[PDB]
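All remarks here apply to the structure that follows.
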Protein chains: 4
Amino acid sequence: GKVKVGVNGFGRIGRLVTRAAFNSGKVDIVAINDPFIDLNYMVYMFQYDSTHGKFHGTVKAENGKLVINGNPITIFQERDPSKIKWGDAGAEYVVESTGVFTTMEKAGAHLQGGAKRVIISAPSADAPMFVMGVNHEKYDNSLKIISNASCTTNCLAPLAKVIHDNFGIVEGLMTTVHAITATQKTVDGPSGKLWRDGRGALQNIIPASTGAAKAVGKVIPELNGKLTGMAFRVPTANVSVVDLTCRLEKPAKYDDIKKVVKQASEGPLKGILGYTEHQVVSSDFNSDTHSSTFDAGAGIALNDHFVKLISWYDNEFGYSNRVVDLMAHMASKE
Amino acid sequence: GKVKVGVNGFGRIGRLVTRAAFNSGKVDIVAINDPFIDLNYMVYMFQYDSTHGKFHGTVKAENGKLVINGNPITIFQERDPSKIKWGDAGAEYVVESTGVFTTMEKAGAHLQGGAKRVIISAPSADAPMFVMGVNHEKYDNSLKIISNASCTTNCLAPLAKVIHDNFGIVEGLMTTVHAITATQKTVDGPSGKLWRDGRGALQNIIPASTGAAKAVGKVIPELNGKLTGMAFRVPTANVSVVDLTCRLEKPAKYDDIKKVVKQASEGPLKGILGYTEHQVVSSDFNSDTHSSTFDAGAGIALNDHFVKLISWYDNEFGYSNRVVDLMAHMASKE
Amino acid sequence: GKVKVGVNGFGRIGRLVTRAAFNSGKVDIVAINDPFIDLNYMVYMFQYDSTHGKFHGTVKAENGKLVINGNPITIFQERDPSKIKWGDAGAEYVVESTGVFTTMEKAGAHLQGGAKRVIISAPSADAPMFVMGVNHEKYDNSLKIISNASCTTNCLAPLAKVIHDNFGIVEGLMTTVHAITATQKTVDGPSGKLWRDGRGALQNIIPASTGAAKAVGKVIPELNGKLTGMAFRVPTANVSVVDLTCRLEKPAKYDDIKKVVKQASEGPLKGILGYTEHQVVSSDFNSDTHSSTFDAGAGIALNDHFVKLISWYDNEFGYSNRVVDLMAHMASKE
Amino acid sequence: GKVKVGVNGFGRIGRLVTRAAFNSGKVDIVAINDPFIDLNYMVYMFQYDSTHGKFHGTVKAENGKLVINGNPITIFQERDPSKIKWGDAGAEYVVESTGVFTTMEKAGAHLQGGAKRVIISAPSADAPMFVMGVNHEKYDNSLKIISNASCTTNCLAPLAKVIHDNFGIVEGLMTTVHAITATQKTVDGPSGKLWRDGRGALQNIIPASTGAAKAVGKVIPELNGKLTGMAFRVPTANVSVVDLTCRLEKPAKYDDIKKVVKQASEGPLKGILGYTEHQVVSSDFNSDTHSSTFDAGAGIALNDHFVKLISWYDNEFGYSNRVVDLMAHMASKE
């Protein structure tokens, strides 16, 4: 009884969500909409990936349909989201991943096309936010338009939940070293509002502002107004790292922090929060499906009330698998 | 009696042409047109460069004009080239560098605005092509719309001219290892016609097709139909290299080739064609104003009639300085 | 009846040969010698790889032995190759991969330790060279010390064999765009003999001299004295590309070249020489086991007697799998 | 009355110290010692630089001496530091930059050769540490062997001095995003003690441990035991950034922090501590001689008592110029 999923947009997030859905098998993709990509170019884009390698399976085109592993997928080329016929394609849930329809009113145009529920794979101004393993039990089936937050928020949340539940985070500041994305420029180029983001991504470090640490306070209501941070965008390909500097209410040695993080990663947060003690680097987490992996040896503690914790996350795969897991939990709640 | 130059477009080529014109002092920039860049963003773009460093001088904004080294520059934000008032700004020559007006009819819209002559900084389908030091004596002042060719053609033409004049190139094939440009994508992205150019520029090698070796036959009419080639776009920043494999009519040892190339680089082609015998690499030619520099130690000869020659070129600076030099020679011919 | 293989040196070639031997299952690794790597560091090196990802299997240390997939491996830390006890470890063949014992006299010290045959994974001055699929039928079991040539030679050989057999290569030059290796320097550093190789590998293009195209004439005796070339070392990670410019004796259109290369890649050279018509880039050949893959769309022909052909090769995996395949064919000939 | 300086070692630090000494003119280099670099290779190394470009001046070899700008330099090739004849070469101060003689006993071997004072360009276990602009007034001429600390400490010190003097740092944590160095490996390689440092520098992020934040407490005695941190080594070329998260005793808005940092950068710490409000990136600080530049727009404050400050530093140039400035202040105190 798997749900039927349509995907709006065939960018990086849409292709990786389709790849995660075909790898895991939790949901079924039945429709893809993109106005600027044709069918053969869709075959070429899905088959070959510079970061995650070739697709393990068969992908081709037949009768105007995209056939992946023997499953045909209807292709739409509509630009207006209210004109996409999701209903006759059989799609029940719609993943909005273009990054330009993030409000409730803009993403609600998909409901006119026959879709039941819309999941935004981006931060939203007014839609409710859900992070898997932290507050996903708060979903109550009467919400039609929700938001899965972002990759950085998905990495920071579970981690901050365990530390807050065991030791009481008083205040903290986060820094993330982030890999390049699609919005950056190969060489110095014109960025309208963010002047730093228009500089050459290959040659530069590029400090940037982010709101994921503030969105943790939306995800965890007890931490509202206690977290903030910024980011650095370094010239790597896929893997990012989060560094959280926090002050604790209760005394906590580093071995106690390691023990409670390992215990959380084993039982309750299995598959969402990881734990390692090896001498790992960034490329050791390529195509890793965890939201965040705690690096025990990389962190440092100044005293019993002031620590800095290090975590890793694949901002492409882990996030797409969280979209699939959230969609599966949504389908189980009907 | 320096000519007055307007620049259409403030991309990489336009900014580097303005920088070369202010560094050399051969011409005077009096006007810049760009519809998507405002004045303060123009100040920020011209002041800071990731590749060539900070501008040696003063740049600011005063009374709606861009003041560089005390010289004010009028700024236009028109989109239609026929609506730009080049005449009241005092601009006599116009450098068309946007890359979208390359035909004679499209680039002739600048003549309606009061411009006298238009120089296209791109290959053109029907405008006459000129390369400095090779065929620039063929300019006869009755041509209004001409094309300066491209960086690769400017690198290949002087070396091919010297080798053909001394030994008689029978046929040849060229390969260029090229640095990234602006049209590439930081990560796998959607390229309409060129599917290979949409892949991630940081992770890939990306073979590509080019018409520069064919345009050498337009520049040198005796070599028509004797040259062709392709290119590779590797993840470096600025400097490219040309590798020419050719068959000669007359016997030629490698020392004779080195002698005639050095003698050409000293007297006739001084400043256009360089010569080195040191153990150089690509970053040794950053901000070098030569069109091409012959690497004596990097080439190899199989026999007396079959050689492979290696040359270096900064595809940003050398080319912009050639645009300025062509404009100066055009102004001297009036 | 698989042969027992010892590996001398745990560098990049030795680890990739061990990985290919455990992935394919054609031979059995029973011993590894390295004087500067201990057992736990060997576990860490074999488990984690930046280029080819994590090892698919189990690797650990037990009772002073390296246990991979339940198979224990004896570890030696001897420096003198004549003092390694290969015989009591059960090793019959020895892969010499340190890169410092390449002559027959230096690599013959392994025969004193009880080894039967020595395979050098490097070009050799006086040992016979063999390339799989080209001249591997010339092995006659009375040779104790042979050489498997190099990755570039393994890519160029089969390709040049097909073109020479079908159209008669008169003369040809080769250029290879090569990924960075271990001998390069992260930043400008001191290289004793090769001054260009001491420059910073991340920032530079670095022309270099190579002898693989000359070693093709040793592998194919009819092409002796007809091939030469050089190389460029660009800042990528794993995949290299070979560009061969040649003159043919018989007339050959490009479709005929494509047809004979595809026919060779299907029947006789299956698994050694590949063929593609897609719009591929370098990262599409990561962890590909082919020696060379012909890129049909990337090449160009000037006329019927002067062509340039493009081929891809993973210089790490394909070469190690060729070492394993040569060892298996050697074991079958006893 | 400039002092005579000998340099031990011609690595990155030694060459950049020689370049800074010839650019600034504060001291005179009279001797260079290196056992593995000959004279012509020294000419090649000093003339060409991938990061900072070609040397602005003349460098050649004459009569066994290295002639830079008409100044001859004696060359030694001794390995034992006690066997170098610094005295007959006229050298009064000696910069120990090889990185292997950092204790007082090991670096005191240069005093047997006729040197007066030894400056170690590295952190030292028992030699006194001095940072220019912070505690350089504590030098008292009776010390023979001192240490100039490290680049990270030189960036963090002045900044922490101003914040501690104006607002009273209670405790703080530091993270630095550092460019690749010489100790890293182009590809996965064998690192004896630091297993993470042996991984491929081009592909990885590589968390690492550092002691510069602890050495600030040696430089500023009131901050002893209040600072600690770690580092990340990203694949860029030259410029690093320091990220300091601290808790303040007195209330401080961000505008007050900006005001006191700008006032410190103008008057007392001119040339040592910089200040900017532009939208800068890392390559804007290439060849910048400041120890640290405060980025006003990149930092963030959670409340009045918990801030995160961002600063930039060229870890190659700024540090070498600090070595020259410390040597000049040492020479003025005689």
Side-chain angles (χ1 to χ4, degrees), chain A residues 11-14 16-17 19-21 24 26-27 52 95-97 99 102 119-124 127-139 146-165 169 172 174-179 181 208 210-221 223-224 227-231 233 238-244 261 264-265 268-276 282 285-295 309-330:
Chain A
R12 204 104 186 85
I13 298 174
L16 285 188
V17 154
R19 206 141 145 159
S24 68
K26 312 210 189 176
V27 301
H52 309 288
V95 174
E96 168 55 54
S97 67
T102 51
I119 299 103
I120 306 165
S121 78
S124 177
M129 277 188 192
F130 293 97
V131 168
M132 275 303 297
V134 180
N135 68 326
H136 74 284
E137 300 305 307
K138 296 317 220 324
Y139 177 81
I146 71 166
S147 169
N148 200 53
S150 78
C151 46
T152 306
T153 296
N154 270 265
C155 173
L156 180 56
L159 177 69
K161 168 196 174 96
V162 177
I163 301 295
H164 183 65
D165 286 355
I169 294 171
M174 165 219 84
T175 298
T176 178
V177 179
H178 207 283
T181 68
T210 173
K214 223 189 136 174
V216 171
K218 296 232 298 226
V219 150
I220 307 175
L223 286 183
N224 205 282
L227 294 175
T228 199
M230 50 87 63
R233 277 305 92 161
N238 181 44
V239 171
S240 305
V241 59
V242 148
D243 35 32
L244 169 70
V261 165
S265 100
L269 295 184
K270 179 90 149 64
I272 309 285
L273 176 75
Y275 180 83
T276 190
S282 71
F285 301 100
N286 205 59
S287 299
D288 200 295
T289 53
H290 285 98
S291 281
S292 42
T293 306
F294 182 75
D295 202 335
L309 314 171
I310 305 293
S311 181
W312 301 91
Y313 64 113
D314 190 331
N315 44 278
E316 287 186 345
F317 255 39
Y319 181 69
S320 297
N321 282 270
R322 291 305 94 72
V323 171
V324 177
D325 287 345
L326 177 59
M327 275 207 297
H329 178 259
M330 276 182 43

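Chain naming here is simple, since letters A, B, ... match the order of the sequence lines and numbering starts at 1 in each. Note: hydrogens, waters and symmetry copies are ignored here, and every other heavy atom, side chains too, is used.
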At their closest point, which heavy atom of [X] faces which heavy atom of [Y], and how far apart are they?
X      : Y      : answer
A:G271 : A:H290 : O-CD2, 3.3 Å
A:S150 : A:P123 : CB-CG, 3.9 Å
A:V134 : A:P158 : CG2-N, 3.6 Å
A:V27  : A:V324 : CG2-CG1, 4.2 Å
A:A264 : A:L273 : CB-CD2, 4.4 Å
A:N224 : A:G217 : ND2-O, 3.2 Å

Main-chain N/O of [Y] paired with [X] side-chain donor or acceptor, under 3.5 Å:
X      : Y      : result
A:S265 : A:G274 : no
A:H136 : A:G133 : yes
A:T176 : A:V242 : no
A:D314 : A:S287 : yes
A:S124 : A:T102 : yes

At what distance, to the nearest 0.5 angstrom, does [atom1] of [X] lie from [atom2] of [Y]?
X      : Y      : atom1 : atom2 : result
A:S121 : A:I13  : OG    : CD1   : 4.0 Å
A:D325 : A:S291 : CG    : OG    : 8.5 Å
A:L244 : A:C155 : CG    : SG    : 10.0 Å
A:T153 : A:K214 : OG1   : NZ    : 12.5 Å

Do [X] and [Y] have side chains that approach each other closer than 4.5 Å (heavy atoms only, starting at C-beta)?
X      : Y      : answer
A:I146 : A:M330 : yes
A:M327 : A:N148 : no
A:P128 : A:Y139 : no

Verdict with supporting geometry, A:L227 and A:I220, side-chain contact (heavy atoms from CB on, under 4.5 Å): CA-CA 11 Å; A:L227 294 175; A:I220 307 175; over 6 Å; no
Plane angle bin for A:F294 and A:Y275 - parallel if under 30°, tilted between 30 and 60°, otherwise perpendicular: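 Parallel: the ring planes of A:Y275 and A:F294 meet at under 30°.
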Geometric class of the A:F285/A:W312 ring pair [parallel <30°, tilted 30-60°, perpendicular >60°]: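 Aromatic pair A:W312/A:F285 classed parallel.
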Chi angles and distances behind the side-chain contact (heavy atoms from CB on, under 4.5 Å) call for A:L16, A:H52: CA-CA 9 Å; A:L16 285 188; A:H52 309 288; 3.6 Å; yes
Derivation of the side-chain contact (heavy atoms from CB on, under 4.5 Å) call for A:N135 and A:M129: CA-CA 9 Å; A:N135 68 326; A:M129 277 188 192; 5.7 Å; no
Test item: side-chain donor near acceptor, A:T289 and A:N321, under 3.5 Å: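 Side-chain D/A pair, A:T289 to A:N321: absent.
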Trace of the side-chain contact (heavy atoms from CB on, under 4.5 Å) decision for A:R322 with A:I272: CA-CA 9 Å; A:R322 291 305 94 72; A:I272 309 285; 3.6 Å; yes
Partner of A:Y313 by side-chain hydrogen bond (donor to acceptor under 3.5 Å, both in side chains), out of A:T293, A:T152, A:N154: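 With A:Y313 as partner, side-chain hydrogen bond (donor to acceptor under 3.5 Å, both in side chains) holds for just one option, A:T152.
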